[PDB]
file upload-v6.cif (mmCIF, C-alpha atoms)
data_structure
#
loop_
_atom_site.group_PDB
_atom_site.id
_atom_site.type_symbol
_atom_site.label_atom_id
_atom_site.label_comp_id
_atom_site.auth_asym_id
_atom_site.auth_seq_id
_atom_site.Cartn_x
_atom_site.Cartn_y
_atom_site.Cartn_z
ATOM 1 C CA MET A 1 -6.046 24.665 -4.982
ATOM 2 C CA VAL A 2 -5.016 21.047 -5.554
ATOM 3 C CA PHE A 3 -3.332 18.583 -3.199
ATOM 4 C CA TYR A 4 -0.373 16.419 -4.215
ATOM 5 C CA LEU A 5 -0.066 12.911 -2.779
ATOM 6 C CA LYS A 6 2.853 10.567 -3.454
ATOM 7 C CA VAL A 7 2.787 6.907 -2.417
ATOM 8 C CA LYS A 8 5.777 4.617 -2.940
ATOM 9 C CA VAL A 9 6.907 1.232 -1.622
ATOM 10 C CA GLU A 10 9.308 1.325 1.326
ATOM 11 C CA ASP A 11 9.446 -2.324 2.393
ATOM 12 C CA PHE A 12 7.929 -5.378 0.707
ATOM 13 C CA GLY A 13 7.733 -8.949 1.969
ATOM 14 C CA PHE A 14 5.842 -12.240 1.975
ATOM 15 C CA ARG A 15 4.368 -14.316 4.800
ATOM 16 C CA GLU A 16 4.516 -18.079 4.263
ATOM 17 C CA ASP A 17 2.484 -18.592 7.438
ATOM 18 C CA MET A 18 -0.452 -16.924 5.686
ATOM 19 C CA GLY A 19 0.294 -17.436 2.004
ATOM 20 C CA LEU A 20 -0.053 -13.831 0.862
ATOM 21 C CA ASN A 21 2.268 -10.965 -0.069
ATOM 22 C CA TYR A 22 2.526 -7.696 1.858
ATOM 23 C CA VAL A 23 4.092 -4.291 1.215
ATOM 24 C CA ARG A 24 4.539 -1.042 3.141
ATOM 25 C CA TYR A 25 3.843 2.316 1.497
ATOM 26 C CA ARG A 26 5.377 5.672 2.420
ATOM 27 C CA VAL A 27 2.956 8.604 2.587
ATOM 28 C CA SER A 28 3.777 12.122 3.774
ATOM 29 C CA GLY A 29 1.342 14.953 4.436
ATOM 30 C CA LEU A 30 -1.320 13.202 6.503
ATOM 31 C CA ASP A 31 -2.115 14.166 10.095
ATOM 32 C CA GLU A 32 -2.498 12.343 13.412
ATOM 33 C CA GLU A 33 -6.278 12.723 13.216
ATOM 34 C CA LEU A 34 -6.465 12.304 9.439
ATOM 35 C CA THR A 35 -4.711 8.945 9.771
ATOM 36 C CA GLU A 36 -7.719 7.646 11.700
ATOM 37 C CA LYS A 37 -9.783 8.423 8.602
ATOM 38 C CA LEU A 38 -7.727 6.410 6.113
ATOM 39 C CA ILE A 39 -6.917 3.637 8.586
ATOM 40 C CA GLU A 40 -10.677 3.298 9.047
ATOM 41 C CA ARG A 41 -11.594 3.192 5.358
ATOM 42 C CA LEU A 42 -8.685 0.907 4.467
ATOM 43 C CA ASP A 43 -8.888 -0.922 7.796
ATOM 44 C CA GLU A 44 -5.126 -1.454 7.616
ATOM 45 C CA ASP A 45 -2.252 -0.785 10.017
ATOM 46 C CA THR A 46 -1.298 2.896 9.893
ATOM 47 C CA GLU A 47 1.383 4.579 12.001
ATOM 48 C CA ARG A 48 3.333 7.844 11.965
ATOM 49 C CA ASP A 49 7.074 7.482 11.377
ATOM 50 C CA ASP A 50 9.310 10.525 10.921
ATOM 51 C CA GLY A 51 6.299 12.240 9.383
ATOM 52 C CA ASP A 52 5.589 9.417 6.947
ATOM 53 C CA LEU A 53 2.856 6.783 7.206
ATOM 54 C CA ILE A 54 3.275 3.012 6.935
ATOM 55 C CA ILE A 55 0.481 1.000 5.322
ATOM 56 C CA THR A 56 0.638 -2.785 4.973
ATOM 57 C CA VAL A 57 -1.927 -4.472 2.728
ATOM 58 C CA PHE A 58 -1.815 -8.184 1.908
ATOM 59 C CA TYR A 59 -4.226 -10.287 -0.148
ATOM 60 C CA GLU A 60 -4.495 -14.032 -0.754
ATOM 61 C CA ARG A 61 -5.651 -15.972 -3.814
ATOM 62 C CA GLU A 62 -9.146 -14.754 -2.934
ATOM 63 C CA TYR A 63 -8.023 -11.277 -3.989
ATOM 64 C CA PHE A 64 -4.987 -12.363 -6.007
ATOM 65 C CA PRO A 65 -1.719 -11.956 -4.057
ATOM 66 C CA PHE A 66 1.085 -9.699 -5.290
ATOM 67 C CA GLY A 67 3.719 -12.000 -6.753
ATOM 68 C CA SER A 68 3.699 -11.677 -10.535
ATOM 69 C CA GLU A 69 7.321 -10.519 -10.593
ATOM 70 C CA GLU A 70 8.115 -13.532 -12.773
ATOM 71 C CA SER A 71 6.645 -11.489 -15.626
ATOM 72 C CA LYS A 72 9.049 -8.547 -15.455
ATOM 73 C CA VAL A 73 11.771 -10.902 -14.222
ATOM 74 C CA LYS A 74 12.956 -8.524 -11.502
ATOM 75 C CA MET A 75 12.044 -6.732 -8.272
ATOM 76 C CA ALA A 76 11.016 -3.692 -10.313
ATOM 77 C CA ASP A 77 7.765 -5.567 -10.931
ATOM 78 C CA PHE A 78 6.931 -5.525 -7.219
ATOM 79 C CA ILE A 79 7.597 -1.807 -6.773
ATOM 80 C CA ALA A 80 5.999 -1.063 -10.141
ATOM 81 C CA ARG A 81 2.877 -3.131 -9.478
ATOM 82 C CA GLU A 82 2.699 -1.885 -5.888
ATOM 83 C CA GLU A 83 3.267 1.784 -6.715
ATOM 84 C CA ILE A 84 0.560 1.846 -9.386
ATOM 85 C CA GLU A 85 -1.676 -0.212 -7.098
ATOM 86 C CA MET A 86 -1.732 2.491 -4.423
ATOM 87 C CA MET A 87 -1.544 5.439 -6.821
ATOM 88 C CA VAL A 88 -4.364 4.107 -9.002
ATOM 89 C CA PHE A 89 -6.367 3.075 -5.939
ATOM 90 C CA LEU A 90 -6.324 6.539 -4.369
ATOM 91 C CA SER A 91 -6.615 8.417 -7.665
ATOM 92 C CA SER A 92 -9.592 6.206 -8.514
ATOM 93 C CA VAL A 93 -11.202 7.059 -5.175
ATOM 94 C CA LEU A 94 -10.617 10.802 -5.519
ATOM 95 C CA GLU A 95 -11.509 10.867 -9.216
ATOM 96 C CA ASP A 96 -14.732 8.993 -8.461
#

call {"tool": "encode", "arguments": {"input": "upload-v6.cif", "output": "structure tokens"}}
result
Amino acid sequence: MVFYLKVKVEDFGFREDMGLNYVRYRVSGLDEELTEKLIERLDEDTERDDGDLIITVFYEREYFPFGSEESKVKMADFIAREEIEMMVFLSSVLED
């Protein structure tokens, strides 16, 4: 009756050439055709890998880049801020 989606960080990084932070999320359950739906709405780079889906989303000062790890004083901040970012994002879209 209800679908269960789990999104977690798989590979995070930063591009000095651009000046923004990027991170890849791991999603399982989507389909070849379904991917075209999300990739369109998000307008990001989606690709099937071993059944999972890679999504890289980076934002500059304009949208506030992801780099507030100095707060938590560890990498956990990146995965924590990134995980909730995707989870909350989707949940917020489905809930609304």

call {"tool": "resolve_selection", "arguments": {"input": "upload-v6.cif", "expression": "the PyMOL selection byres ((chain A and resi 7) around 12)", "output": "count of residues only"}}
result
30

call {"tool": "resolve_selection", "arguments": {"input": "upload-v6.cif", "expression": "the PyMOL selection byres ((chain A and resi 15) around 12)", "output": "PyMOL selection string"}}
result
chain A and resi 12-14+16-23+57-60+65-67

call {"tool": "write_last_selection", "arguments": {"input": "upload-v6.cif", "atoms": "C-alpha atoms", "output": "PDB file, in the coordinates of the input"}}
result
ATOM      1  CA  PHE A  12       7.929  -5.378   0.707  1.00  0.00           C
ATOM      2  CA  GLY A  13       7.733  -8.949   1.969  1.00  0.00           C
ATOM      3  CA  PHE A  14       5.842 -12.240   1.975  1.00  0.00           C
ATOM      4  CA  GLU A  16       4.516 -18.079   4.263  1.00  0.00           C
ATOM      5  CA  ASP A  17       2.484 -18.592   7.438  1.00  0.00           C
ATOM      6  CA  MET A  18      -0.452 -16.924   5.686  1.00  0.00           C
ATOM      7  CA  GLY A  19       0.294 -17.436   2.004  1.00  0.00           C
ATOM      8  CA  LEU A  20      -0.053 -13.831   0.862  1.00  0.00           C
ATOM      9  CA  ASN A  21       2.268 -10.965  -0.069  1.00  0.00           C
ATOM     10  CA  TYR A  22       2.526  -7.696   1.858  1.00  0.00           C
ATOM     11  CA  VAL A  23       4.092  -4.291   1.215  1.00  0.00           C
ATOM     12  CA  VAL A  57      -1.927  -4.472   2.728  1.00  0.00           C
ATOM     13  CA  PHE A  58      -1.815  -8.184   1.908  1.00  0.00           C
ATOM     14  CA  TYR A  59      -4.226 -10.287  -0.148  1.00  0.00           C
ATOM     15  CA  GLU A  60      -4.495 -14.032  -0.754  1.00  0.00           C
ATOM     16  CA  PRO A  65      -1.719 -11.956  -4.057  1.00  0.00           C
ATOM     17  CA  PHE A  66       1.085  -9.699  -5.290  1.00  0.00           C
ATOM     18  CA  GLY A  67       3.719 -12.000  -6.753  1.00  0.00           C
TER      19      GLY A  67
END

call {"tool": "atom_distance", "arguments": {"input": "upload-v6.cif", "atom1": "CA of residue 93 in chain A", "atom2": "CA of residue 43 in chain A"}}
result
15.4 Å

call {"tool": "atom_distance", "arguments": {"input": "upload-v6.cif", "atom1": "CA of residue 50 in chain A", "atom2": "CA of residue 32 in chain A"}}
result
12.2 Å

call {"tool": "closest_residue", "arguments": {"input": "upload-v6.cif", "among": "A:95, A:62, A:36, A:31", "to": "residue 49 in chain A", "atoms": "all atoms listed in the file"}}
result
A:31

call {"tool": "atom_distance", "arguments": {"input": "upload-v6.cif", "atom1": "CA of residue 2 in chain A", "atom2": "CA of residue 34 in chain A"}}
result
17.4 Å

call {"tool": "axis_aligned_box", "arguments": {"input": "upload-v6.cif", "around": "range 57-64 of chain A", "padding_each_side": "5 Å", "output": "AutoDock Vina command-line options"}}
result
--center_x -5.5 --center_y -10.2 --center_z -1.6 --size_x 17.3 --size_y 21.5 --size_z 18.7

call {"tool": "build_atoms", "arguments": {"input": "upload-v6.cif", "residues": "range 37-59 of chain A", "atoms": "N, CA, C and O atoms", "output": "PDB file, in the coordinates of the input"}}
result
ATOM      1  N   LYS A  37      -8.819   8.450   9.694  1.00  0.00           N
ATOM      2  CA  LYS A  37      -9.783   8.423   8.602  1.00  0.00           C
ATOM      3  C   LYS A  37      -9.426   7.342   7.587  1.00  0.00           C
ATOM      4  O   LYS A  37     -10.248   6.483   7.262  1.00  0.00           O
ATOM      5  N   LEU A  38      -8.194   7.388   7.090  1.00  0.00           N
ATOM      6  CA  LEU A  38      -7.727   6.410   6.113  1.00  0.00           C
ATOM      7  C   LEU A  38      -7.665   5.014   6.726  1.00  0.00           C
ATOM      8  O   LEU A  38      -8.174   4.051   6.152  1.00  0.00           O
ATOM      9  N   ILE A  39      -7.042   4.914   7.895  1.00  0.00           N
ATOM     10  CA  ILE A  39      -6.917   3.637   8.586  1.00  0.00           C
ATOM     11  C   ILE A  39      -8.279   2.979   8.775  1.00  0.00           C
ATOM     12  O   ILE A  39      -8.385   1.755   8.835  1.00  0.00           O
ATOM     13  N   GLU A  40      -9.320   3.801   8.866  1.00  0.00           N
ATOM     14  CA  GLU A  40     -10.677   3.298   9.047  1.00  0.00           C
ATOM     15  C   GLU A  40     -11.245   2.778   7.730  1.00  0.00           C
ATOM     16  O   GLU A  40     -11.806   1.684   7.673  1.00  0.00           O
ATOM     17  N   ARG A  41     -11.095   3.570   6.674  1.00  0.00           N
ATOM     18  CA  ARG A  41     -11.594   3.192   5.358  1.00  0.00           C
ATOM     19  C   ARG A  41     -10.842   1.977   4.820  1.00  0.00           C
ATOM     20  O   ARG A  41     -11.448   1.035   4.306  1.00  0.00           O
ATOM     21  N   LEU A  42      -9.521   2.005   4.941  1.00  0.00           N
ATOM     22  CA  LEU A  42      -8.685   0.907   4.467  1.00  0.00           C
ATOM     23  C   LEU A  42      -8.680  -0.245   5.468  1.00  0.00           C
ATOM     24  O   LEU A  42      -8.513  -1.406   5.093  1.00  0.00           O
ATOM     25  N   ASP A  43      -8.867   0.085   6.741  1.00  0.00           N
ATOM     26  CA  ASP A  43      -8.888  -0.922   7.796  1.00  0.00           C
ATOM     27  C   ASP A  43      -7.536  -1.620   7.908  1.00  0.00           C
ATOM     28  O   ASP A  43      -7.459  -2.782   8.304  1.00  0.00           O
ATOM     29  N   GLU A  44      -6.475  -0.902   7.556  1.00  0.00           N
ATOM     30  CA  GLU A  44      -5.126  -1.454   7.616  1.00  0.00           C
ATOM     31  C   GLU A  44      -4.375  -0.922   8.833  1.00  0.00           C
ATOM     32  O   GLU A  44      -4.952  -0.250   9.688  1.00  0.00           O
ATOM     33  N   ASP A  45      -3.084  -1.231   8.906  1.00  0.00           N
ATOM     34  CA  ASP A  45      -2.252  -0.785  10.017  1.00  0.00           C
ATOM     35  C   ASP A  45      -1.485   0.481   9.648  1.00  0.00           C
ATOM     36  O   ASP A  45      -0.503   0.431   8.908  1.00  0.00           O
ATOM     37  N   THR A  46      -1.940   1.616  10.170  1.00  0.00           N
ATOM     38  CA  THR A  46      -1.298   2.896   9.893  1.00  0.00           C
ATOM     39  C   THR A  46      -0.572   3.423  11.125  1.00  0.00           C
ATOM     40  O   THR A  46      -1.056   3.284  12.248  1.00  0.00           O
ATOM     41  N   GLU A  47       0.590   4.030  10.907  1.00  0.00           N
ATOM     42  CA  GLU A  47       1.383   4.579  12.001  1.00  0.00           C
ATOM     43  C   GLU A  47       2.305   5.687  11.503  1.00  0.00           C
ATOM     44  O   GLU A  47       2.848   5.608  10.400  1.00  0.00           O
ATOM     45  N   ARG A  48       2.477   6.719  12.322  1.00  0.00           N
ATOM     46  CA  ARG A  48       3.333   7.844  11.965  1.00  0.00           C
ATOM     47  C   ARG A  48       4.799   7.521  12.240  1.00  0.00           C
ATOM     48  O   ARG A  48       5.152   7.079  13.333  1.00  0.00           O
ATOM     49  N   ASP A  49       5.646   7.748  11.243  1.00  0.00           N
ATOM     50  CA  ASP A  49       7.074   7.482  11.377  1.00  0.00           C
ATOM     51  C   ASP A  49       7.895   8.560  10.677  1.00  0.00           C
ATOM     52  O   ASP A  49       7.982   8.588   9.449  1.00  0.00           O
ATOM     53  N   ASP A  50       8.496   9.445  11.465  1.00  0.00           N
ATOM     54  CA  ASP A  50       9.310  10.525  10.921  1.00  0.00           C
ATOM     55  C   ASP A  50       8.488  11.411   9.992  1.00  0.00           C
ATOM     56  O   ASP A  50       9.027  12.060   9.097  1.00  0.00           O
ATOM     57  N   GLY A  51       7.176  11.432  10.210  1.00  0.00           N
ATOM     58  CA  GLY A  51       6.299  12.240   9.383  1.00  0.00           C
ATOM     59  C   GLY A  51       5.587  11.425   8.323  1.00  0.00           C
ATOM     60  O   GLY A  51       4.524  11.815   7.838  1.00  0.00           O
ATOM     61  N   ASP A  52       6.173  10.290   7.958  1.00  0.00           N
ATOM     62  CA  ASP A  52       5.589   9.417   6.947  1.00  0.00           C
ATOM     63  C   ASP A  52       4.593   8.447   7.577  1.00  0.00           C
ATOM     64  O   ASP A  52       4.504   8.341   8.801  1.00  0.00           O
ATOM     65  N   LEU A  53       3.847   7.743   6.733  1.00  0.00           N
ATOM     66  CA  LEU A  53       2.856   6.783   7.206  1.00  0.00           C
ATOM     67  C   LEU A  53       3.083   5.411   6.577  1.00  0.00           C
ATOM     68  O   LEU A  53       3.262   5.296   5.365  1.00  0.00           O
ATOM     69  N   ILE A  54       3.073   4.376   7.410  1.00  0.00           N
ATOM     70  CA  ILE A  54       3.275   3.012   6.935  1.00  0.00           C
ATOM     71  C   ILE A  54       1.945   2.282   6.782  1.00  0.00           C
ATOM     72  O   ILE A  54       1.149   2.218   7.719  1.00  0.00           O
ATOM     73  N   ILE A  55       1.713   1.729   5.596  1.00  0.00           N
ATOM     74  CA  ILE A  55       0.481   1.000   5.322  1.00  0.00           C
ATOM     75  C   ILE A  55       0.775  -0.368   4.715  1.00  0.00           C
ATOM     76  O   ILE A  55       1.318  -0.468   3.614  1.00  0.00           O
ATOM     77  N   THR A  56       0.414  -1.422   5.440  1.00  0.00           N
ATOM     78  CA  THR A  56       0.638  -2.785   4.973  1.00  0.00           C
ATOM     79  C   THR A  56      -0.669  -3.439   4.538  1.00  0.00           C
ATOM     80  O   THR A  56      -1.597  -3.585   5.333  1.00  0.00           O
ATOM     81  N   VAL A  57      -0.734  -3.831   3.270  1.00  0.00           N
ATOM     82  CA  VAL A  57      -1.927  -4.472   2.728  1.00  0.00           C
ATOM     83  C   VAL A  57      -1.574  -5.762   1.999  1.00  0.00           C
ATOM     84  O   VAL A  57      -0.862  -5.747   0.995  1.00  0.00           O
ATOM     85  N   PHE A  58      -2.077  -6.882   2.511  1.00  0.00           N
ATOM     86  CA  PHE A  58      -1.815  -8.184   1.908  1.00  0.00           C
ATOM     87  C   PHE A  58      -3.116  -8.854   1.475  1.00  0.00           C
ATOM     88  O   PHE A  58      -4.151  -8.703   2.124  1.00  0.00           O
ATOM     89  N   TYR A  59      -3.054  -9.595   0.374  1.00  0.00           N
ATOM     90  CA  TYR A  59      -4.226 -10.287  -0.148  1.00  0.00           C
ATOM     91  C   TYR A  59      -3.860 -11.685  -0.636  1.00  0.00           C
ATOM     92  O   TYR A  59      -2.819 -11.884  -1.260  1.00  0.00           O
TER      93      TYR A  59
END
